[PDB]
Every structure is written in structure tokens, then in C-alpha cells.
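What follows is a single structure, written as C-alpha cells, with notes after it.
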Amino acid sequence: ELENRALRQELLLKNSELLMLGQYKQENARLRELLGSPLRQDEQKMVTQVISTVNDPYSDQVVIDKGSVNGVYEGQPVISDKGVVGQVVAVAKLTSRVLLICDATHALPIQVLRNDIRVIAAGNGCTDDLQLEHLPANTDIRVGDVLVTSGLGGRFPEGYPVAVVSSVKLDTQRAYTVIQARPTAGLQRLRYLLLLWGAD
Amino acid sequence: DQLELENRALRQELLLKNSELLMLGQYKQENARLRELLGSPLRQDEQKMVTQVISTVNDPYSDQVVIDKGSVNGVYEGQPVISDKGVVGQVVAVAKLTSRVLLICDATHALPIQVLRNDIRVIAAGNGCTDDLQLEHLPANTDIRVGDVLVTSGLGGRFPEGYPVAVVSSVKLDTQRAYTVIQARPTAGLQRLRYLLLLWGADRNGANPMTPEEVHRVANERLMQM
Ligand SMILES: [Cl-]
Ligand SMILES: [Cl-]
């Protein structure tokens, strides 16, 4: 079982990153004090496993092994190690269905890490990248830009990675920029996910 | 068969730690923005409260934003909003938990300012947020110069005195109409707003409006801690 130590060393490698995170979180708390703002509070998190995909050919959903008896709620965010995966759309008592962010009925408010541009990112089917709202011609948004949740829908906590801009194209005829972004989370062959609750 | 059981615990541990590290990029930028706002040159008797723009009012005819503070937080109509670099605008409509803010580059926004160099006082009006501010037409014999720094005069009873507003960007004599046309570039960024400070001024209950000299000295004091 080489997998035991492969996991152990990947965990060891996270330490310098985790220490750096600690410093950022402490500084953030100091800054929010000085500016009279309430401190950030950690989310509560719960590991969940994908049982199956919904074999609906027109919707991209998976079933997870947690439900109302575990406190799952409609609209609750779901993430993986690499980023946002989706949200809970239907809760049974032991299981729940999660709509994936690349589903065409899924839309998420996001922000560009680099320069704070805010825009909705909508799914277009999990065969394609996410589609941002059309932006003005002179918008400074770049392939490679990291898109994180803005929280402005009151649904997702602000700051989790969603996607990396993959395409920025000017439509000279119609005078706007067309932007697509590729999710950072793997959205195929899912196993373990995290449900998040904001603190109360 | 605890060996496999241990590796599921390890993978779960790794999932949780990775989910923590996902926040790193956000904290880097967030701490940066908050540290900038901390540079705001406030006076001792002045209170501040950070607030977040939670959207821009979709209107091609008005440059307004919505912020995440309201009457519950002590926000009042006509209250200034600032960045560390300049006046951003003022609260025009207060709800319970949110408020609407008029940016100083909106055509319906004007505020009285004072030239730092020589104490000249004049109204600076917005001309739409694609353009610089417009000073009101002045006599041809006005010594205002490109590069002059404009700060709040407080003459409207709205804005604490001596805070940066703009830098004069164009001075042009229209010899036919016989006045000086002057534009000024706001010193605060007015695009892609995120964090701002709501500002409460010090109480001056019966006090007379500040003299040009007092405003100049307050302005220089603010600029010394920048
Ligand atoms: Cl949201
Ligand atoms: Cl005023």
C-alpha cells in the first residue's frame, strides 16, 4: 500500500501553505477590527460522497449521501478540493441532488481575483465551459484570470475558486466582450465533496 | 482492515485542508484592499466604517452603487463615502440593511471644493463617470492650474474639510464667452468599487464654517499622514 505514504507526503507538503494561510487569516482579523467590521468566521463543513449521477440527459446533477437528517438545505453550496462544484437543489431525508455549476440552469455570481470585476457565470452544459455575461468592449479581463465566488447571491461564501477564464473574444459587430471560463474543480468522476454552512 | 481505513481518513483530511487553502487567493486580495482603506487620513474625532459595494445601479443615465450598510448601521442621507485616495460620493437613499450611493462623477452630483495651493473655492460637478469633474465657469482672471489639488471645503455641511477630491486636469480659456473652463480628475478610483469607508465627521454643533485658512491647514494635516 504505497497509497498510504503518498497521501502522507502530500499532506506534509501542504504545511507551508497552511502556515501562510494562518498568517493571512490573522492579518485579516486585525484589519477587520481596525476598520470596525465583524470578524470572519469559519464555515461548518461536512464530507459527503456522490452516490450516483442523475441519468437525465438534459440536466447535470449528482446524488449525494446526505439529507435533511444531516441538516442539508436547498441552495446549500457544495465544493471539492479544487473549487465550487454546485449547490443542493432537492433534499430527501438521507440523500440529496446537487446541481452542477456547468448545468445550463445554474448561475453563480463571481469576481475576478485580479481586479474585482463582478459578473454572473452561467452553465452551458457540462460539455462546455461556463459563460460569463457579456461585458463592455474595453473590459480588462484576461485568459488565465481566476474567478472566485462573490457571495452576492447570499448563497455561496465569498472567495472560493470557481473557474479560470479560458476565452476572451471581442464581438466587434455588437460591441461587447464574450468570455468563457473553465471550472477549476473536476466535475466528472466525483467522489468526496464538502457541504458548507455559514456560521450563525 | 485499518490500513485502507487509515487512507480514507487521510484523503478526507486532505480534502478538508485543500478546501482551507482554496481561500488563499481571496485572503491575499482582501487583505490588500483593506490595508489600502486603512491608509485613509482621518482625524481623531472622525469615525469610519467599512462597507462593500454590492452592485452598480444598472442605469445608463445615473452612476450609483448600492452598499451593504443601512439605517441599522447608522447610515444617514447625505453621508460621505470615501476611499483612502479621495471622496467617492455620498449616500442618497437609506434602507434598513443597504443604501444607495451617488458617485461624485454623476451629473447630478456637485460638491464644494477648495484649491490647496491658493484657497480658491468653487463647486466641482460630475459630468458622467466617463468624464472628469467640471468646475463651474470661472472668470478669465482665475489662477487655477493643471496639477492643482482640490479638497473638500465643507461649505455644504456634508463633507469633512480638506479631504482629497481631484487634481485639475485641464484649464482652458474660452475667449469668446469670456470665462475659464476647468476639468478635474478624481483622486479616488471610481471603477470596480469594492470596499469603501462610510465617514462620520467630528461634531461642530454651533461652530461656524471653516475658513479658507482652516481648510488649508486641515488638508495639509491629512496629506501629511499619506
Ligand atoms: Cl452567491
Ligand atoms: Cl460639503
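No lab work stands behind these numbers, since they all come straight from the coordinates. Virtual Cβ from ideal backbone geometry, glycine too; neighbours counted across all protein chains shown.
Given only helices, namely DSSP H runs of n ≥ 4 each adding -39500 (n - 2.57), what is the per-residue ellipticity at 222 nm of chain B, to the nearest 500 deg cm²/dmol?
-7000 deg cm²/dmol
Can you tally the net charge around A:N15? Count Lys and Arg as +1, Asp and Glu as -1, for every other residue whose Cβ sits under 13 Å from the Cβ of A:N15.
Around A:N15, the charge tally is -1.
When you look at the Cβ of every residue in B:6-13, what mean number of other chain Cβ atoms sits within 10 Å?
Partner-chain Cβ atoms within 10 Å, mean over residues of B:6-13: 5.
For the range B:12-18, take each phi angle, set θ = phi - 60°, evaluate the Karplus expression 6.51 cos²θ - 1.76 cosθ + 1.60, and give the result in whole Hz per residue in order, putting x for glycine and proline.
These are the phi-based 3J(HN,Hα) values: 5, 3, 5, 4, 5, 5, 4 Hz.
Which of the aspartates and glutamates could a cross-linker span from B:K17 if the Cα-Cα distance has to be under 19 Å and same-chain partners fewer than 8 positions apart are dropped?
A:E3, A:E10, A:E17, A:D42, A:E43, A:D81, A:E158, B:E6
Which loop trypsin sites (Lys or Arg not before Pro) in the range B:142-186, with loop taken from DSSP, have no more than 11 other Cβ atoms within 10 angstrom of their Cβ?
Here the trypsin sites (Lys or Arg not before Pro) that fit, given the DSSP loop and packing criteria, are B:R177.
Got a sec? Charge dipole of chain B, +1 on Cβ for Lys and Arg, -1 for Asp and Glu; which of B:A110, B:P160, B:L190 is way out at the positive end?
Checking the options against the dipole of chain B, the answer is B:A110.
How big is the dipole moment of the protein assembly as shown about its Cα centre under a simple scheme where the beta carbon of each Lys and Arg is +1, that of each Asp and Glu is -1, and everything else is neutral? Debye, nearest 20, please.
Computed about the Cα centre, the dipole is about 200 debye.
Which entries in B:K28/B:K69; A:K45/B:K48; A:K66/B:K69 show an alpha-carbon gap greater than 26 Å?
Those over the limit are A:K45/B:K48; A:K66/B:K69.
How big is the charge dipole of the range A:1-86 about its Cα centre, in debye rounded to the nearest 20, if each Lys and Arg gets +1 on its Cβ and each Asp and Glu gets -1 on its Cβ?
400
Just flag the chymotrypsin sites (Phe, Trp or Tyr not before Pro) in the range A:1-88 sitting in loop per DSSP whose Cβ has no more than 15 other Cβ atoms within 10 Å.
A:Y58, A:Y73
Along Cα→Cβ, 7 Å out, is where each label goes; now give me the distance between the ones at A:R30 and A:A92 in nm to one decimal.
According to this spin-label approximation, the distance is 5.1 nm.
How well do other chains shield peptide A:42-49, expressed as the mean number of their Cβ atoms within 10 Å of each residue Cβ?
2
For A:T105 and A:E133, compute 0.36 nm times the residue count separating them, minus their Cα-Cα distance, and round to one decimal in nm.
Net length gain for the segment: 8.7 nm.
Charges at C-beta only: +1 for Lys and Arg, -1 for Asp and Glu. How large is the resulting dipole of the range A:96-155 about its Cα centre, in Debye rounded to 20?
200
Have a look at A:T48, A:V143, A:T177 and report the one farthest towards the positive end of the charge dipole of chain A, computed about the Cα centre with Cβ charges (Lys/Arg +1, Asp/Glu -1).
It is A:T48, whose Cα lies furthest towards the positive end.
Can you work out the Karplus-derived ³J(HN,Hα) for every residue in the range B:190-198? Use 6.51 cos²θ - 1.76 cosθ + 1.60 with θ = phi - 60°, whole Hz, and x for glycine or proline.
Taking θ as phi minus 60°, the curve returns 10, 10, 6, 5, 10, 9, 9, 10, 6 Hz for the range B:190-198.
Using a 10 Å cut-off on Cβ to Cβ distances, tally the other chain neighbours for every residue of B:28-34 and report the average as a whole number.
6
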